[PDB]
Each structure stands twice: as C-alpha cells, then as structure tokens.
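Engineer: If you scroll down you'll find the structure; I have some questions about it.
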Amino acid sequence: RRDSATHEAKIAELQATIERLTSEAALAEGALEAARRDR
Amino acid sequence: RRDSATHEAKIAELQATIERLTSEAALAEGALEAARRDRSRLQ
Amino acid sequence: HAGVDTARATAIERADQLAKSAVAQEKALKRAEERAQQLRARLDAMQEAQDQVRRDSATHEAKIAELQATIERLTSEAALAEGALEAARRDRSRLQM
Amino acid sequence: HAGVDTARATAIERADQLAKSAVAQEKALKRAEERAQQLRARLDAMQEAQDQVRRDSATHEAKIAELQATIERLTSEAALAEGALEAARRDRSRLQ
Amino acid sequence: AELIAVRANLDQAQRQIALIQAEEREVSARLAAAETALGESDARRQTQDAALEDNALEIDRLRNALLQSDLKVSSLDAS
Amino acid sequence: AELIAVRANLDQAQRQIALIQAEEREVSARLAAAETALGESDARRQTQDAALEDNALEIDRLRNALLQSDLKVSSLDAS
Amino acid sequence: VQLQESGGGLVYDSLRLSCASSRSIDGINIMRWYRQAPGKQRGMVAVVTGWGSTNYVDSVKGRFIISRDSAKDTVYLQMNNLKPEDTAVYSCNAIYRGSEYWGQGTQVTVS
Amino acid sequence: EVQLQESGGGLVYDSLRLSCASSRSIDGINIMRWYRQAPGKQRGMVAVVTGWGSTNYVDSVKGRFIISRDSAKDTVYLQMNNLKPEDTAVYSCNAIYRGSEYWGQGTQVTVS
Amino acid sequence: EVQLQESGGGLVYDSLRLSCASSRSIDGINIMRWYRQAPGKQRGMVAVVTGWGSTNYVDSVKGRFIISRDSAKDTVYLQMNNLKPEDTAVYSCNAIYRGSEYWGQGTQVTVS
Amino acid sequence: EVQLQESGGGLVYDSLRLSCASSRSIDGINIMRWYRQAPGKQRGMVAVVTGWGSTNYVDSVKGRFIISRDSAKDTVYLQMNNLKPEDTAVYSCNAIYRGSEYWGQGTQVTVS
Numbered sequence: 403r404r405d406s407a408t409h410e411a412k413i414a415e416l417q418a419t420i421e422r423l424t425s426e427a428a429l430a431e432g433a434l435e436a437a438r439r440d441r
Numbered sequence: 403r404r405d406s407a408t409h410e411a412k413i414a415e416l417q418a419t420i421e422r423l424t425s426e427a428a429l430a431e432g433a434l435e436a437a438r439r440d441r442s443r444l445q
Numbered sequence: 350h351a352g353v354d355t356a357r358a359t360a361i362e363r364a365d366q367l368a369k370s371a372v373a374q375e376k377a378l379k380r381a382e383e384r385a386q387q388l389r390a391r392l393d394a395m396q397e398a399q400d401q402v403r404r405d406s407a408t409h410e411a412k413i414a415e416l417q418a419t420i421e422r423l424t425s426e427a428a429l430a431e432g433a434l435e436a437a438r439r440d441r442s443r444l445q446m
Numbered sequence: 350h351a352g353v354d355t356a357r358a359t360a361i362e363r364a365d366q367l368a369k370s371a372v373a374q375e376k377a378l379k380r381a382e383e384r385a386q387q388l389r390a391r392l393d394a395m396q397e398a399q400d401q402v403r404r405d406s407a408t409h410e411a412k413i414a415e416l417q418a419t420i421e422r423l424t425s426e427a428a429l430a431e432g433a434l435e436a437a438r439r440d441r442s443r444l445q
Numbered sequence: 085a086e087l088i089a090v091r092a093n094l095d096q097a098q099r100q101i102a103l104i105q106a107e108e109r110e111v112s113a114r115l116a117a118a119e120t121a122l123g124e125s126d127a128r129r130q131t132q133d134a135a136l137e138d139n140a141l142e143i144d145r146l147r148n149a150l151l152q153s154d155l156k157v158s159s160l161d162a163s
Numbered sequence: 085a086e087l088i089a090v091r092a093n094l095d096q097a098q099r100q101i102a103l104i105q106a107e108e109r110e111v112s113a114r115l116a117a118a119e120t121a122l123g124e125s126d127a128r129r130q131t132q133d134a135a136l137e138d139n140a141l142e143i144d145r146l147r148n149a150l151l152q153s154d155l156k157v158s159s160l161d162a163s
Numbered sequence: 002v003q004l005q006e007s008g009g010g011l012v013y789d790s791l792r793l794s795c796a797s798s799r800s801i802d803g804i805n806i807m808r809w810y811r812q813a814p815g816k817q818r819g820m821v822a823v824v825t826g827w828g829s830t831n832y833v834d835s836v837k838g839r840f841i842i843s844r845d846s847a848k849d850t851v852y853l854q855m856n857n858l859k860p861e862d863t864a865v866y867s868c869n870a871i872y873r874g875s876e877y878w879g880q881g882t883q884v885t886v887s
Numbered sequence: 001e002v003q004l005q006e007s008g009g010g011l012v013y789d790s791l792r793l794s795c796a797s798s799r800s801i802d803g804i805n806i807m808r809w810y811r812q813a814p815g816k817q818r819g820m821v822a823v824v825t826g827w828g829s830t831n832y833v834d835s836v837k838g839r840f841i842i843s844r845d846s847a848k849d850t851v852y853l854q855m856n857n858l859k860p861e862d863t864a865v866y867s868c869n870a871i872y873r874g875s876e877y878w879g880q881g882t883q884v885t886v887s
Numbered sequence: 001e002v003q004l005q006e007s008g009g010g011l012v013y789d790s791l792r793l794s795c796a797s798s799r800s801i802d803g804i805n806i807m808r809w810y811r812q813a814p815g816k817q818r819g820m821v822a823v824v825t826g827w828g829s830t831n832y833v834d835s836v837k838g839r840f841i842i843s844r845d846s847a848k849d850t851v852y853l854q855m856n857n858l859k860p861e862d863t864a865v866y867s868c869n870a871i872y873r874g875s876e877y878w879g880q881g882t883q884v885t886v887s
Numbered sequence: 001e002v003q004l005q006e007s008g009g010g011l012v013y789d790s791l792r793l794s795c796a797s798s799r800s801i802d803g804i805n806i807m808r809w810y811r812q813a814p815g816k817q818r819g820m821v822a823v824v825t826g827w828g829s830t831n832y833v834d835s836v837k838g839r840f841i842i843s844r845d846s847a848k849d850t851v852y853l854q855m856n857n858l859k860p861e862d863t864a865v866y867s868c869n870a871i872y873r874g875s876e877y878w879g880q881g882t883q884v885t886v887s
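Residue numbers (PDB author numbering), protein chains in the order written: chain H, 403 to 441; chain G, 403 to 445; chain B, 350 to 446; chain A, 350 to 445; chain F, 85 to 163; chain E, 85 to 163; chain I, 2 to 13, 789 to 887; chain J, 1 to 13, 789 to 887; chain D, 1 to 13, 789 to 887; chain C, 1 to 13, 789 to 887.
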C-alpha cells in the first residue's frame, strides 16, 4: 500500500547514480585513457 | 501487489548493473594509472 | 880526346835511354789522368744521385707530416662522433630502462 | 882534337837535368796515384752513404704504408659509425 | 698460416741479396785494380821489349865494329 | 693477395739468384783472365830485367874492348 | 542474448549505426557503443540508459548521438560530422542482468 | 548536502585504517568510493562500496585493501593491509547521493 | 686553402653523379668525402676516397654508390646508381688538407 | 699481430691510472685507443693518443682524463682524475698496427 512509494525512491536515487557513473566513465574510459596515451 | 513485484526486479537490476558498471572502473583506472606511469619517461 | 871519346858515346845512350824513359812516363801520366777522370765522372754522377734522393726524403717527410695532420683530424672527429653522438644516443635510448 | 872536348857539354846536359827532373815525374805518378786512391776511398764512402739513405727511404716508404694502413681502416671505422647513427636515427622514424 | 714458410724464403732471398751486393762490389774493385795493374804491366813489358830490340841491335853493331877494328890492328902490325 | 704477392717476392729471390750467376760470370771471365795475365807478364818482367842487366854488362865490356882497341890502333899507327 | 549491428561501410559525412537486440522492450539497462581503431585498444563512444540519459566521450561530444527506439527494440548511434580519425570498428555492448554482452562488430572507415 | 570528513591518517614503517565520516544517509549509502592523490600527480582510484555491499578494488591494491560499510555509525572503512611504500598519498573519500558528488578535506598516509 | 665546389645536383625519377671541384691539391689528395644533410636532419657521411684510392662507404649506400677520384682534373666523383626517394638530400663535399677541414657550398639532390 | 694487456684496474670511493702494455712497435706507434663498455651497453671510445703525442678525448671525459704515451716501457697510459660514479665500465685498450685492429681483455673498474 504505502511501501510502493519508497520503491520509486529506490528507483529514482539508484538510477540517478548510474548517470554519474556513466559521466565519470566518459572522462576515464574514453577520454583520459585515449588522450593521455597520445601524450 | 503485482505492480510492486515488478518494482523488485528493476531494483534488483539497477543494483546489479551498478555492480558490473563499477567493475569496469576498477579495470579502467588500472590502465589510466598505467598510462600516467608512462609520464615518468617524460618527467 | 884520349878518354873523352867514350864519354861522348856513353852519355848519348845515357841521354837516349832517358830520352825514351820520358816518353814512357808521359804516357804513364796521360793514362793516370784518364783514370782520374773516370773516377771524377763516377763521383759526380753519384753526387747528383745522392742529391736526388735528398729531396726524395724531403718529399717523404712532407708526406709524413701531412699524413699525420689528417689522422689528427680523423681522431678528433671520432671524438665527437664516437663519444658524443653514440653515448648520448644510448643515453637517450635508455627509455627502455 | 876539338869537336870532342866540346861535344861532351851537350851530352852531360841530358844526364844531369833529366836525372833530377824525371824524379819530379815520378812524384806526380805517386801524386796522381794518391788522388786516385783518395777518390777511390770516397767512392766506397759514398756507396755506404748510398746504403744508409737507401734504407732511410725504404723506412719512410714503410711509414707511409703504415700511415695509410691506419687511414684505410680508420675511415672504415667511421663508415660503420655512420651506419650506427643512421640505423639508430632510423629508430626515431617509428616514433616521429 | 703459410706466411711462416713464405717469409722464411723471403729472408733467405734478402740474405742472398746481401751476398750479391758484397761479392759483386768486392769483385768489381778487385777487377778494376787487376785491369789497371795489367795495363801498367803490359806497358812496362813493351817498353822493355823496345829496349831489348834497340840494344840487341846496338850489341851486334858494336861487335861488328870491334871485329873490323881488330882487323885494322892486324893490318897495321903487318905494316 | 699476399699469397701471389710474396710468391712473386720469392720469384724476385730467383731473379737475384740469376744475378748470382752474373757475379760468378764476372769472376769466371774477368778476374780469372786478369790475374792469369798479370802473373804471366810479371814473370816476363823479371826475365826481361835480368836480361837487361846482362845486356848492360855486355855493352860495357865490349865498349871497353873498343876503347882498348882504339888505343892500340892509335899507338900502332903512330908507329 | 544476441546483439547484431549494422550500418557499417566505407564512405566519403554522417552515418547511422543500429544494434539489434533480442528481447527486453525498455527493460535492459546501460547500452553502449565501443570502437577500436586498428592498432589501438577498444574504447567507449556512447552510453544510453533505461530512462534515456545519455553521454559521450569528449572525443566525440557534439557529434555522435546515442538513441533508443523501444518499439523497434534497437539502440541507434547517429554518427555525424565524421572525421578521418573515426575509422574504427564499432561494436555494440550491453549490460543485461549484469553479464556484459557484445556484438559481431561492424567497421566504418572514412577518408 | 552530505558532508564527508576523512580520517585515519598517520605514518608507518604496516597496516593502517581509514574512515570517512558521513553527515547523513543511514542505510541509504550508495556509492562511497575512496580516492588517493599521489603527490604532484592526479587523483586515484582505490575501491568502491554500495548500499548492497558489492565492493571492488583497483588492480594495484586488489587483494590487500578491504572497504566495508558501517551503516549504524555512518562511515565507510578503507582498510590498508600488506602495505607498500608506494602508498604515500593524500587520501580523500567520495560520495554520490541524489546524483551529486561530495568530497572531503582529505587526509594523508605516509608509508616510508 | 682548398676551395671546393659541388656540381651535378638536380632531380631524378635511376642514376645521378656528383662532383667536388677542388681548387688546389693536384694529386696531393688525402681524404675527400661526401656528406648529405637530410632535409630537417643532420649531416652524415656517405663515401670516402683517399690518395691511394681506398674507397669505403656507409652501409646505407654500400653496393649502390661509387666514390671515384679523378686526380688529373682536380675533382672527386660520387657516382649515384639505383636510387630511392630516401636519397632526397642536400649533398656536400668535404676535404682534409694540412689538417684543416674544408666544406663545399653544396648542391641539392631531390629524388622522388 | 699484437697482444694488448691492461693494468691499473680497481675500486675506490678517488682517482685512477689505467695503463696498457703492448707486444711490439717501440715508438713506431700509430693510433692506440682506450675504450670502455658500460654493462649491457655497446663498447665506446674515450681517449686516443697517437704516436706523436697528439691526444683527443670524448666530451664526457675531457678536463678529467689524460692519456699519455710511454715509448720506452712499450706501454700507453690513461690517467683518470676526479673519477665520477658514472664512469664505471670495462676498459679495453686498443691499437691499429698494420691496418687491422687488435684488442685487449679489459679491466672492470668500479667507482661508487
């Protein structure tokens, strides 16, 4: 009944952190690895 | 009930995909710190 | 005249024998002077032969000295070549270490 | 009586003058033989003088032979030295 | 290699070159001395041959004159 | 290179051996003829000189014979 | 799951790369596209998420576009204003139930 | 707006402990990962922790460090074990709550 | 005071030839060698000739180039054969006389 | 053929004197060289003295090392003053007689 609302709060927060991890992946895995192998 | 049950898999998924999206990071900065080590040949 | 007649006779041959003892000696000096001129020609030719070899040794020393000053340069170039270029290369190629 | 007490005068002249004079001829024979034997002494000296200078030029000829022998196998050392430089400077083609 | 057995014969070569030079020089000097001495000896021999010719003529002539002289002695004592 | 070159230097050795035969030719002709004739002409020198001393003694004795014969001729003529 | 992609080729521009998937209308989490320039280690290019958040590596930002189409069930990659350094082999990736899945790979070359 | 204050610094010849005090998030502790800054160099990766507990470690420290939550005390531990002298670095814990990143003042561990 | 002068430079698809016109040293010729300066690189030796005629080359040209003297005309010759476009370089001559090293103004050889 | 055997090698904190004794050529001496081979590195030259007293050194050793012939002792020397810890190497004395090059065993001199 009431517990349903918290599941989205588990969905919302846990899905927003995956955004941050993907953003930090842009800098690490693609950018600074490729960029700093060249220098 | 039924719809709450559908929530469980997604949470069980989201925590699961984080496990093996951070697992790439450990192998990721391992190579970034191996590449930055090459800067010893320049500094 | 009693004893003089002989002295005329005797001293004419004493003159005559020494009259051809002079021709013999004259031919002796004219052959001993020719043997002197053979020796002069040999020594004069051998004096110039020695002189020719004198500046032959002088040109050799001119070759030696200038063939040393070239090696003084090749040894000098190898200093920069073998010393600077080579050692620095292997010190620059120490990156593998 | 007369022609014989006089004619001895022209005969003694040869026997006295030439006896001393021909000795001066004999001295020249010794002198021209001394000149001959002195030059003959010099000729052996100059052949020995030839001999040392004969070897001296040969020693000089070996010095040129040894000196060019260095250069011939000291320019070869430079020939391989520049091969080492170009081979090592060919390595930088891989990076730049 | 083989230079051991070849430079040995080059050494023998230059040894006999030294023999050549020494013996040739000593023979040449001896030959010059002998030739000059033989020329002088023959000159003396021929001067003395001329002396012998002239003086044998003198002796034959003088003996003939003495014979004629003694003949005149004998004729004078026969006078 | 050195093989043929120093075999050629041994060939130089054989050439100088030919020059050894040249020196032996000098001794075999020139020196031999020179001293043989020198000995002969000095023998003739001694023979000539002894004969010339005998020759001078002959001239002196027969000339003194003429002097005495002339003196006797003069005396017998003065008779 | 079978991820099969398409859209590759050698071209003179802009291009579209799809990665056909096997199941899960809107149910799969992060899909990504990886490229491997020959002689270089494979690297990430784009990222899409279940809700629609997207990102790109700064080497391609403003150019490559990662997109979804839940009806056709295929993650797209609009790949526009290609540069000659964009010659590489583009293989789609995924994370379903944790296990990473890849694709056969397609190559795009430009010059 | 959670505020993270690092802890556990010091000096050794050993095996040290590190903590990251958290201002909020009892039991809702999403990714708390630990970063060390090599002096004169860039910041680094050490380990992560999650709400559920999946902790992975970077290859250079794998099998040595352990990162464990303390949900009640609201602090994520970074254990240091089988240390090497190459670990002298300024240590800084990191947070992600509501998608925002919350670093800290950083501490230091000298291993020499 | 030898005053060299190079000649024979230009452009080929083959074969070329270079000269180094010496201003003195008629037959008094010690080492006279050829240097190439690759465009944007440093000088390097190519071939060496000597008074005796001892010719020795660098590996990069050995069996391809010939360094041949001409003692009559006061000139040294570097015959160029079977070229590569790698041989595009400025070619200059050197000479050692009385120890002093003399260069030449140089000529450019472009092969490609 | 010449046999070259060195002497004077050793170890110090100081200064040294490397010497090289030969088998022939009493003052009829052409180029004799002194090399050194750092471990795991190719052989390199340092000093050259020629039979006339002319000397040259590589830029690394100039101002410090002095090379000096000695005709009477049939030996060439190579002084080493103000030795630096970087100068450690194996030092082989060299000579060029009759064209071909002849080497020596070497003497590992360590300075550190």
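Backbone N, C-alpha and C fix where the C-beta goes; we use that ideal spot for every residue, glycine too.
Assuming residue 793 of chain C is part of the beta strand (DSSP E), what are its boundary residues?
Structural biologist: 791 to 796
Engineer: List, in order along the chain, the chain E residues whose C-beta lies closer than 7 Å to that of residue 148 of chain F?
Structural biologist: Within chain E, no residue comes near residue 148 of chain F; the closest Cβ sits about 11 Å away, beyond 7 Å.
Engineer: Closer than 8 Å by beta-carbon distance: list the chain H residues that pair up with residue 825 of chain I, in chain order.
Structural biologist: Within chain H, the residues 417, 420, 421 and 424 have their CB atoms less than 8 Å from the CB of residue 825 of chain I, given in chain order.
Engineer: Report the partner residues of residue 882 of chain D according to the DSSP bridge assignment.
Structural biologist: D:866
Engineer: Would you report the Cα separation of residue 845 of chain C and residue 851 of chain C, rounded to the nearest angstrom?
Structural biologist: For the pair residue 845 of chain C and residue 851 of chain C, the Cα-to-Cα distance works out to about 6 Å.
Engineer: Tell me the rounded alpha-carbon separation between residue 434 of chain B and residue 427 of chain A.
Structural biologist: 12 Å
Engineer: What is the rounded straight-line gap between the Cα of residue 439 of chain H and the Cα of residue 882 of chain C?
Structural biologist: 44 Å
Engineer: By alpha-carbon positions, which one of C:791, C:854 and C:803 ends up nearest to residue 847 of chain C?
Structural biologist: C:803
Engineer: Candidates D:862, D:817, D:816 and D:830: which alpha carbon is nearest residue 421 of chain A's?
Structural biologist: D:830
Engineer: State the Cα-Cα distance for the pair residue 135 of chain E and residue 101 of chain E, rounded to the nearest angstrom.
Structural biologist: 50 Å
Engineer: Given that residue 832 of chain I touches chain H, what residues does it touch there, using C-beta distances under 7 Å?
Structural biologist: 428
Engineer: With a threshold of 16 other CB atoms inside 10 Å of the CB of residue 3 of chain I, please say whether the residue is buried or exposed.
Structural biologist: exposed
Engineer: What's the C-alpha gap between residue 876 of chain D and residue 387 of chain A?
Structural biologist: 55 Å
Engineer: Can a CB atom of chain G be found closer than 7 Å to the CB of residue 815 of chain I?
Structural biologist: no
Engineer: How close, in whole Å, do the beta carbons of residue 429 of chain A and residue 416 of chain B come, if the pair is a contact with beta carbons under 8 Å?
Structural biologist: That pair is no contact at about 23 Å.
Engineer: 7 Å is my cut-off, CB to CB: does residue 805 of chain I come that close to chain G?
Structural biologist: Yes, because at least one Cβ of chain G sits closer than 7 Å to the Cβ of residue 805 of chain I.
Engineer: Kindly indicate which three-state DSSP category residue 10 of chain J falls into: helix, strand or coil?
Structural biologist: Looking at residue 10 of chain J - three-state DSSP - the assignment turns out to be strand.
Engineer: Any Cβ of chain B within less than 7 Å of the Cβ of residue 855 of chain C?
Structural biologist: no
Engineer: Comparing C-alpha positions only, which one of C:873, C:872 and C:868 sits nearest to residue 8 of chain C?
Structural biologist: It is C:868.
Engineer: Using a C-beta to C-beta distance shorter than 8 Å, which residues of chain A count as neighbours of residue 873 of chain C?
Structural biologist: 415 and 418
Engineer: Residue 151 of chain E touches chain B at which residues, Cβ-Cβ below 7 Å?
Structural biologist: 355
Engineer: On the three-state DSSP scale, how would you describe residue 875 of chain D?
Structural biologist: strand
Engineer: Quick one: Cα of residue 824 of chain C to Cα of residue 392 of chain A, how far?
Structural biologist: 45 Å
Engineer: If you draw a straight line from the alpha carbon of residue 423 of chain H to that of residue 423 of chain G, how long is it in whole angstroms?
Structural biologist: 8 Å
Engineer: Inspect the CB distances between the region 810 to 821 of chain D and the region 833 to 841 of chain D and report whether three or more fall short of 8 Å.
Structural biologist: Counting Cβ pairs under 8 Å, three or more are found: they touch.
Engineer: Under the criterion of a Cβ to heavy atom distance below 6 Å, does residue 823 of chain J qualify as lining the ligand COA?
Structural biologist: The ligand COA is not part of this structure, which contains no ligands at all.
Engineer: Going straight from the alpha carbon of residue 413 of chain H to that of residue 797 of chain I, what length do you get?
Structural biologist: Their backbone Cα atoms lie some 24 Å apart in a straight line.
Engineer: Since residue 819 of chain J meets chain G, which of its residues come closer than 8 Å, beta carbon to beta carbon?
Structural biologist: 431 and 435
Engineer: Are the C-beta of residue 404 of chain H and some C-beta of chain G separated by less than 7 Å?
Structural biologist: no
Engineer: Which of the three DSSP states, helix, strand or coil, is assigned to residue 830 of chain D?
Structural biologist: coil
Engineer: Quick one: is residue 829 of chain I near chain H, going by C-beta distance under 7 Å?
Structural biologist: It does; some Cβ of chain H falls within 7 Å.
Engineer: For residue 5 of chain J versus residue 879 of chain J, is the C-beta spacing smaller than 7 Å?
Structural biologist: Taking the C-beta atoms as reference points, residue 879 of chain J is found nearer than 7 Å to residue 5 of chain J.
Engineer: Note the first and the last residue of the continuous alpha helix (DSSP H) segment covering residue 129 of chain E.
Structural biologist: From DSSP, the alpha helix (DSSP H) with residue 129 of chain E extends over 116 to 162.
Engineer: Buried or exposed for residue 826 of chain I, going by 16 or more other Cβ atoms inside 10 Å?
Structural biologist: In summary, residue 826 of chain I is buried, with 16 or more beta-carbon neighbours lying within 10 Å of its beta-carbon over all protein chains present.
Engineer: Would you kindly report the start and end of the unbroken alpha helix (DSSP H) that includes residue 820 of chain C?
Structural biologist: Premise fails: residue 820 of chain C lies in the beta strand (DSSP E), 819 to 824, not in any alpha helix (DSSP H).
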